[PDB]
Amino acid sequence: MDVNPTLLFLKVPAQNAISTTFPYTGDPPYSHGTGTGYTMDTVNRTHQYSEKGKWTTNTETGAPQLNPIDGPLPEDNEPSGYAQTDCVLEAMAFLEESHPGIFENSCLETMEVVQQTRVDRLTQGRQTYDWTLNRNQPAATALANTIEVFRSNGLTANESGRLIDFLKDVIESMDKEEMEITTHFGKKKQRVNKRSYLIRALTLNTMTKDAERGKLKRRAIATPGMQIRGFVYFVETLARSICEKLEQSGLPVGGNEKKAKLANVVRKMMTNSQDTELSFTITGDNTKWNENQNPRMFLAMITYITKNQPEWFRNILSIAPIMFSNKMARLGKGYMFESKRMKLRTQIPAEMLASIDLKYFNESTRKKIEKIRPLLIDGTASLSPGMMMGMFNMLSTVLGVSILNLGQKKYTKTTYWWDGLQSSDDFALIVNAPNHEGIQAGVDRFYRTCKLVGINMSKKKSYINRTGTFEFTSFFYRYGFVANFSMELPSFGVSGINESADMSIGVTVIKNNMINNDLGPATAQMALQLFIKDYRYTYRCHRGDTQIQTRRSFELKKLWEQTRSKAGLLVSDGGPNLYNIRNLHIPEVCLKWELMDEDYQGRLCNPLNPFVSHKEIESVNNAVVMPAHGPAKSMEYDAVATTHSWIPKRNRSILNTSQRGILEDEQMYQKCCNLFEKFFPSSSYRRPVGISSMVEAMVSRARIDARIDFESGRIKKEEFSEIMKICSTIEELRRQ
Amino acid sequence: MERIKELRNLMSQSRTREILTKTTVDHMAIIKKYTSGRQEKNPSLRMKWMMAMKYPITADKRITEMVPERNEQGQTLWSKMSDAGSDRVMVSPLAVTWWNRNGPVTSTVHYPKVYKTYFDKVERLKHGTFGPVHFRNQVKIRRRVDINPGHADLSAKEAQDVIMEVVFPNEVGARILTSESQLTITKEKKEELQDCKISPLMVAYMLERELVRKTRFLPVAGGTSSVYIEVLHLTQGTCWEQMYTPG
Amino acid sequence: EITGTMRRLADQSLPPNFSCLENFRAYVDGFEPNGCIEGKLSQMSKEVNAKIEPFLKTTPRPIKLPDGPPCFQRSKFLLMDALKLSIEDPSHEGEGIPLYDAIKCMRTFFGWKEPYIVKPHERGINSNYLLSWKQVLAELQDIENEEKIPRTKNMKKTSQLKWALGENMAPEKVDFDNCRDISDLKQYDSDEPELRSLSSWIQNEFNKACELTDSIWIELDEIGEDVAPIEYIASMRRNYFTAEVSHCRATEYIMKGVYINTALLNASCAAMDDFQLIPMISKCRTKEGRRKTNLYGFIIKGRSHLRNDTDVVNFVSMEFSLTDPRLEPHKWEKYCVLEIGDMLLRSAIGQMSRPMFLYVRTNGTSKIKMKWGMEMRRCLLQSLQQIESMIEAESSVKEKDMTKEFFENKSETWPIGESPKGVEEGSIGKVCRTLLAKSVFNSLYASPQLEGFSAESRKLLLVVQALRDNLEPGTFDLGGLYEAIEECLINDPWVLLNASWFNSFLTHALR
RNA sequence: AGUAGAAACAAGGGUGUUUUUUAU
RNA sequence: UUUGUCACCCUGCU
């Protein structure tokens, strides 16, 4: 007998066993070296998928740019990019008649957000492009640099803290002949000109994506900078407000909310006529989604959305499309050359890709360089006609939902219906007609409609069945949603925060998978046992009666010896496990409480130990996780702050660089912002305000305390003297 | 007073006066987060890799006056290096075990009251009775249920009101409390929280988690009540059903 | 307001018909939606449509497979060609000094010939493997002659060891200003891998991964004691399932992999500039009560200055065997096979004598790969969740627990393979043991080709199933799906077996 | 050699000190 | 080979 597992599908329906297909017990694919080649291929494919347009050189930047709008209609079935204007506008104007008043209420909702938001809220987010350093830096360490460079040249309006003023500062930075910037190479000074500054401020970063599952080839993604981020925030706010009011969308929700709407639409089209009709279901994707859809249509849909509104509103809402349509993409890191005869390897940067001799590259690289070469400007590359990942997602979903809305019965004019649900590229459609000649008419209408706005429907990843069975994203419908344990499998393990959060989020993911993903009792017990085993192995915390030689061993046995009740020691200390199905929603220290002796309780929960570190309130009992399909998420867990709540160490490969002056700074900032903690012990819970210096306040709230607690309650009168003495001394030392 | 002493020592040298008298107070929110480190994409791998290092965790410097260097057998318990961009020391995971082994003891009469919302679960589980098991169909509908009893009928505004009045009393700012319920909560916590040494962020967090309402989207097949939901994995399944009345 | 560089930047970023933003806004404002689309679908070419080609019972065709030299073994350790050297000692796994047990097991054997070379390696200088094996024993001797066996031994650095482990072989890093006038200076190679075709040993090796042994390999008992009835139901299901899977060889694979990757990662992080000697040691529980420890061979680690998650560390692997290589030499394309002694296993009264073999190889691993190798124990969950789902699906149409009879009193069978006479079926434990071996092999051979092939054959599966359920499927372009499935089949020995299995399923499903 | 696959790894940075001298 | 005789630090996502 030759065993073959696939034959199981001769008796078991496929959806009842689809978990057996996902090979998610191994490592995911990564990337090696540079991503310059992928970026060049992307630019060239973007300029190839539309080449029948107009070329012009922008006056300010001076770049060759293509305008593929209102170009010729397409003939064959290849991926086009020639979207119309009247089509977009009619889609919007029909969607607004469909949902009355959806735009005005959203604009009202967004105007307050505009008028009350403060600048500090830009310290949240992922890596951002820094043009002072020409690199990638976290959000706060880039906002500080851009503010320091803005206000060191005359541009001081952000001091009111509103973001609506930092915006005006970013704009009026664009009208200066010269700009001073410094470089930590002591330091230095350099003077950048107007158009060099424009190009440095209209630039994106590009790099290859890692740890992605389901594909054989690697791709590339982009990163914005500082001058564009505010207006992006604002338009995304508006688009999210709109999306949360549409039935046919699924983006701004979670897993459970989406499935209810899926079932709802399925049974909506299920039963209004039982015999004299016929339903079909289309599963599939869209192709080259973020290679088409240029900003010059986002501009028109924003101009339509914000109609009959104040003028500053429109002007603040229409700046991100303008910088997108004039963007210039970076290229990457360069290339590496090798000589087999003399054992030499060398790195060339992306700046030499407009002048280097071409006798070094293979055929693919030659034919990529020689086609991108008419666009290179000072490292960047003109990229006008497209988007790229890290973009306006909600607005794309809005356009798609507007396309789907066109298939109502009073619009199609004869018999045909189609409904569905969209969430970016993924779509699921359902068509109706009382015939087999009607289904093709409906599908042809839809397919030809989506070509007039730039949504090219893929044709090698889609299929068409009779209704009752489909697959939306990775969910599978067989008269009901079957469970898929393999997608959430890669999270059953140690997360790597500390010894206290791991135990909580482990049992928490076991519990949340029992509740929704339809796990089972025996499965959960075996998962418990395996998880305790790998926890004990990763943290060197085996039981205290064993012979397994590790390094917390000489010590743990000590705590094992001088202990009365050994069923109180936490698993982090070499003790038992009292977890089970019922005990699964209860914290550890709260469950072993009544069984510990007093010395252990005291020493463990001693609230002055030197390992506990609290920083703010947005990051207490909360940590980010990296799932298998999707972006990083935030998980909140229930723990009790104890000695095992510590923080790991930090990277230190920055000392060998020349940007060491980035450490000095931060250290001083800490040694300052810590003292402000103890003169004002409420700033980590609520944000402090004012426009006075940090020492005026620290001396104002230093004389009240000498006279009110230690001299209005009868404590010593001999310290008051020197307290006032040093307060006066300090308020003199500032020279004022 | 160490406060004014360290202030005067800061503003006595250069490089530290200009920062304190140039940085306004509405700006320290930005420079508090000025870091040269990155949020990590792969935490599991880094934990497994770092656990084999000699000094993987970080403690406050006060360790050097609270914990020795080499214990009874002679294993190092902390190092002589400073962390990247801070004044914290790099220490080994044996120091935690040591502190839990031969360390300073305290009192624990307040830990039940600060974490009441957990001990509710603890002594609600050990007072509950079981019954039969019905192996039958399970039809589930997805609804919106409150995953926390929601102590009061209030919202975020008066929540911050009561929290700042109870934890940060001399910095409430301007307004006073208005109704009777907030005063009652306030004074109850006033009395029962006196002489506490837990960090005030932890007290504020526990009062928020203990006093405000959270709602979620869940599949149910039995009864819609808040004390039932916390035990949901155990009561309902897809093919079976356990009977349970909590105490 | 907008004035300056932004007034012009906006006056360009428009449709190619306008040049002033104010007139653009004036146009967009007073636009009443007319029949634009419906009157523009009439000018498009009629060569853009969505033509349905009906999937019929005669439409599918066999996926095609590559051509070229046969495939070879790519695994960090031997799987079915393994021979243990075992002793008996009352221990638990993870408790003891490795080199001690190594020396004990090395003394258990009796016939140690002088070893020579059966099968040479073609691309590598061949004296070095023999000289390395003729040194591992000397270090073992001088650590048995020493007063207290440590937990680390550092090999001296000799010529053959650096050769095998690849030391001092990365090119030098010099600037472009200097080696700009040299010839043979060009890109790194970025070509497609070399194509290869299927062999026969991969199925024979998947067969052995489903059968039974005479030991116990997994120990799962540490949990809070029961209170409620559902606890007891789960604890009887667990009893039965763990009674079935505790003797499969996939469990031995899981263990022998977790141990190696743990030891190698810890040694890689500990010392970055020495050569360690790690043995492969396993510990099992015999039938009737006994407990044994068993040796598989040795691993020698080189230098590890690992910075990224894709930087490589090299190592030399030496394993024991009794399988002669000449029966299939193309399987062992990157091994140098020796003959290191004789072994006598007595018959009823007669005798059998057989030569004993050592397979040596140079191999390498990354930082991201050791981590995932240390997590091989989720295979159990993937394999048992499906069987629990089946059991709980049958025990809801009867209103009764059904786990009792499934494992001893069985009238249900599932088709699990096929034979010279046709398809055949098995009990529930057979399914449990084949899904587990599939889950183990999915991690022993991971690649981007597996990801691609799975993601693209999951579509054919669903169209075939919709055809089987009378749901009347269709398709827009069927050749492109096949071209995509065939893009991913290049040289990996396990994805090729998967494609052949898919051909077999396609044959039987639409026969 | 090997890892590996559309491009990389097989380590990467800085600090030194200097007109013939009689002896162990 | 070299004007040399020998040392020294640092870093492992920057």
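The PDB entry lists chain B under the name Polymerase basic protein 2, from Influenza A virus. As deposited in the PDB, this entry carries the title "Coupling of polymerase-nucleoprotein-RNA in an influenza virus mini ribonucleoprotein complex".

A UniProt comment under Catalytic activity (unreviewed entry) is attached to chain A, and it reads "RNA(n) + a ribonucleoside 5'-triphosphate = RNA(n+1) + diphosphate".

Student: Now, about the overall build of chain B: what can you tell me, with residues and values included?
Tutor: Per the secondary structure count, chain B includes 11 helices and 7 strands. Relative to the compact-globule value of 18 Å for 247 residues, chain B shows a C-alpha radius of gyration of 25 Å, a clear excess of over 25%. Seen through its C-alpha atoms, chain B measures out along the principal axes to roughly 75 × 55 × 40 Å. Within chain B, residue pairs in contact and separated by at least 24 positions form 69% of the contacts whose partners lie at least 6 positions apart. Surface accessibility of chain B: about 13,100 Å² in total, with carbon and sulfur atoms responsible for 50%. Of the side chains in chain B, 39 bear a positive and 28 a negative charge, and the two mean positions are spaced by 7 Å.

Student: Now, about the layout of surface pockets: what can you tell me, with residues and values included?
Tutor: The computed volume of the second largest pocket comes to approximately 780 Å³. Lining the second largest pocket are 20 residues, and of these A:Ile617, A:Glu618, A:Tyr685, B:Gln160 and B:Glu208 sit closest to its centre. It is helix 10 (residues 200–211) of chain B that contributes the most residues to the lining of the second largest pocket, 3 residues altogether. Residues of the lining of the second largest pocket, tallied by class, amount to 5 nonpolar, 6 polar and 9 charged.

Student: Break down the protein's contact with RNA strand D for me, citing the residues and quoting the values.
Tutor: Of all residues adjacent to RNA strand D, which total 32 residues, the nearest are A:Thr34, C:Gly166, C:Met169, C:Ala170 and C:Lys334. Between RNA strand D and the protein, one listed contact pairs a phosphate oxygen with a side-chain N or O atom of A:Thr34 at 3.0 Å. Taking A:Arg345, its side chain carries an N or O atom lying 3.1 Å from a phosphate oxygen of RNA strand D. Within the residue set of the surface near RNA strand D, elements represented by two or more residues are helix 6 (159–165) and strand 10 (351–365) of chain C. Counting residues per element, the surface near RNA strand D draws most heavily on strand 10 of chain C, at 3 residues. Here the residues of the surface near RNA strand D sort into 9 nonpolar, 11 polar and 12 charged.

Student: Give me the lowdown on unusual backbone geometry, citing residues and values where you can.
Tutor: A positive phi angle, close to 60 degrees, is found at A:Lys343, a residue other than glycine. Assignment of secondary structure puts A:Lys343 in the loop between strand 12 (335–339) and strand 13 (344–348).

Student: Go over a positive patch on the surface with me, naming the residues and quoting the values.
Tutor: Judged by side-chain charge, A:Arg126, A:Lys209, A:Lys215, A:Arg219, A:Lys288, A:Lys460, A:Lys461 and B:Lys41 come together as a positively charged surface patch. By the element assignment, A:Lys288 lies in the loop between strand 10 (279–284) and helix 9 (295–305).

Student: Just give me the short version of a negative patch on the surface, but keep the residues and values in it.
Tutor: On the surface, a cluster of negative charge is contributed by C:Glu53, C:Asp477, C:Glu483 and C:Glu487. Position of C:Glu53 relative to the elements: it lies in the loop between helix 3 (36–40) and strand 1 (85–88).

Student: Give a description of the environment of C:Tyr100 that names residues and reports values.
Tutor: Residue and element names in this part refer to chain C. Secondary-structure assignment places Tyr100 in helix 4 (residues 98–108). Note on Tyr100: relative accessible area 41%, which makes it partly exposed. As for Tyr100 and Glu144, which are separated by 44 residues in sequence, their C-alpha atoms are 8.1 Å apart.

Student: Outline the protein's contact with RNA strand E, supporting the account with residue identities and numerical values.
Tutor: Neighbouring RNA strand E are 15 residues; A:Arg652, A:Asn656, B:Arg38, B:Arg46 and C:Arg307 lie closest to it. Between RNA strand E and A:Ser653, the relevant distance is 3.2 Å, taken from a sugar or linking oxygen to a side-chain nitrogen or oxygen of the residue. Within the side chain of A:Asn656, a nitrogen or oxygen atom sits 2.8 Å from a sugar or linking oxygen of RNA strand E. Looking at the surface near RNA strand E residue by residue, the class counts come to 4 nonpolar, 5 polar and 6 charged.

Student: I'd love a proper account of the interface of chain C and chain A, names of residues and values included.
Tutor: At the interface, 140 residues of chain C touch 152 residues of chain A. Of the roughly 14,400 Å² buried between chain C and chain A on both sides combined, carbon and sulfur atoms contribute 60%. Counting every contact that joins chain C to chain A gives 9 salt bridges. With a shortest N-O distance of 3.0 Å, A:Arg341 and C:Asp184 are connected by a salt bridge. The element that contributes the greatest number of residues to the side of chain C that touches chain A is helix 14 (residues 448–468) of chain C, accounting for 14 residues. Looking at the side of chain C that touches chain A residue by residue, the class counts come to 63 nonpolar, 36 polar and 41 charged. Examined bridge by bridge, strand 13 of chain A and strand 3 (residues 172–173) of chain C share 2 bridges and lie parallel to one another. Counted as the bridge partner of A:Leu344 is C:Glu172 from strand 3 of chain C.

Student: Run through the sheet that holds strand 16 (residues 417–423) of chain A, naming residues and quoting values.
Tutor: Spatially, the 5 strands line up as an open sheet ordered 16(A)-17(A)-10(A)-18(A)-13(C), and their pairing is antiparallel. Since the sheet does not close on itself, it has two edges, and those belong to strand 16 of chain A together with strand 13 (474–475) of chain C, each with one partner. Of the strand pairs in this sheet, strand 16 of chain A and strand 17 (residues 426–432) of chain A are connected by 7 bridges, and their pairing is antiparallel. Of the residues in strand 17 of chain A, the one forming a bridge with A:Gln422 is A:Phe427. Most of the contacts of helix 13 (residues 393–405) of chain A go to strand 16 of chain A, to which it runs at about 170 degrees, and overall it touches strand 16 and strand 17 of chain A.

Student: Now, about the side chain of A:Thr365: what can you tell me, with residues and values included?
Tutor: Along the polypeptide, A:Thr365 turns up in helix 12 (residues 363–372). Of the polar contacts made by the side chain of A:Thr365, one reaches the side chain of C:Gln187; its length is 3.1 Å. Not counting residues within four places of it along the chain, the set of residues in contact with A:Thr365 comprises A:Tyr335 and C:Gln187.

Student: Let's hear about the pattern of salt bridges: which residues, and what values?
Tutor: Residues and elements named next belong to chain C. Scanning the model with the defined rule gives 59 salt bridges over all chains in all. We note a salt bridge from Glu319 to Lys256, for which the minimum N-O separation is 3.7 Å. One end of the pair, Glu319, is in strand 8 (residues 313–321); the other, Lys256, is in helix 9 (residues 249–270), and 63 residues separate them in sequence. For the pair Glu319 and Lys256, one class covers both residues: buried.

Student: If you had to explain the sheet that holds strand 13 of chain A to someone new, which residues and values would you point to?
Tutor: With mixed pairing, the 4 strands of this open sheet are ordered in space as 3(C)-13(A)-12(A)-4(C). In the strand order of this sheet, the two ends are held by strand 3 and strand 4 (185–187) of chain C, each with one partner. As paired strands, strand 12 of chain A and strand 13 of chain A are joined by 5 bridges and run antiparallel to one another. The partner of A:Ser339 across the bridge, within strand 13 of chain A, is A:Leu344.

Student: Just give me the short version of the packing of aromatic side chains, but keep the residues and values in it.
Tutor: One pass over the structure, following the stated rule, counts 43 aromatic pairs over all chains. Considering the side-chain rings of C:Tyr335 and C:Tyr359, the 6.0 Å spacing of their centres and the 70 degrees angle between planes classify their relative orientation as edge-to-face. With C:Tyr335 in the loop between strand 8 and strand 9 (336–346) and C:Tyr359 in strand 10, this residue pair connects regions lying 24 residues apart in the sequence. Exposure remark for C:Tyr335: the relative accessible area of 4% places this residue in the buried category. Taken together, the ring pairs connect C:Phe206, C:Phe441, C:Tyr445, C:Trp494 and C:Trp501 into an aromatic cluster. A cation sits over an aromatic face here: C:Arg61 above C:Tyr482, 4.5 Å from the ring centre. Directly above the ring of B:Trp49 sits C:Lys367, whose terminal nitrogen or CZ lies 4.4 Å from the centroid.

Student: Let's hear about empty space enclosed by the protein: which residues, and what values?
Tutor: Of the volumes computed, that of the largest cavity is approximately 250 Å³. What lines the largest cavity is a set of 16 residues, and nearest its centre among them are A:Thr21, C:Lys438, C:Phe453, C:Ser457 and C:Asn498. For the lining of the largest cavity, the secondary-structure elements that each account for two or more residues are helix 13 (428–444), helix 14 and helix 16 (493–509) of chain C. Here the lining of the largest cavity takes 6 residues from helix 14 of chain C, the largest share from any one element. Here the residues of the lining of the largest cavity sort into 7 nonpolar, 7 polar and 2 charged.

Student: Summarise the pairing of strand 10 of chain C; cite the residues concerned and give the values.
Tutor: Residue and element names in this part refer to chain C. In the sheet, strand 8 pairs with strand 10 via 9 bridges, with the strands oriented antiparallel. Bridging from a neighbouring strand, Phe315 pairs with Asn363 of strand 10. Counting the residues between successive antiparallel strands, the hairpin from strand 9 to strand 10 contains 4 residues.

Rules and cut-offs
- Residues numbered from 1 in each chain as written, not as in the entry; some residues may be left out.
- Chains lettered and ligands numbered in written order.
- Part of a larger assembly, values for the part shown.
- Heavy atoms only, no water.
- UniProt positions renumbered as here; feature names shortened; annotations may be inferred.
- Helix = DSSP H or I, 4+ residues; strand = E, 2+ residues; numbered from the N terminus.
- Rg over C-alpha atoms; globule rule 2.2 N^0.38 Å.
- Contact = heavy atoms within 4.5 Å.
- Areas by Shrake-Rupley, 256 points an atom, 1.4 Å probe, with all protein chains shown as cover.
- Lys, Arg positive; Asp, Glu negative; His and termini not counted.
- Charge placed at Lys NZ, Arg CZ, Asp CG, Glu CD.
- 1 Å grid on protein atoms, 1.4 Å probe; cavity = no way out; pocket = protein on both sides within 12 Å on 5 of 7 lines; lining within 4 Å.
- Points joined across faces, edges and corners; volume = space filled by probe spheres on them.
- Nonpolar A, V, L, I, M, F, W, Y, C, P; charged D, E, K, R; others polar.
- Near = heavy atom within 4 Å.
- Polar contact = N/O pair within 3.5 Å; in protein donor to acceptor, adjacent residues only side chain to side chain.
- Patch = residues over 30% accessible without salt bridge, like charges linked within 9 Å, V, L, I, M, F, W, Y side chains within 5 Å.
- Salt bridge = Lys/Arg side-chain N within 4 Å of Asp/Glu carboxyl O.
- Buried < 20%, exposed > 50% of the residue type's maximum accessible area, 1.4 Å probe, protein only.
- Buried area = accessible area lost by both parts, 1.4 Å probe.
- Pairing = 2+ DSSP bridges.
- Axes fitted to C-alpha atoms, helices over the stretch in contact; angles between N-to-C directions.
- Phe/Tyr/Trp six-rings, centres within 6.5 Å; stacked < 30°, edge-to-face > 60°.
- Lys NZ or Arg CZ within 6 Å of the ring centre and 35° of its normal.

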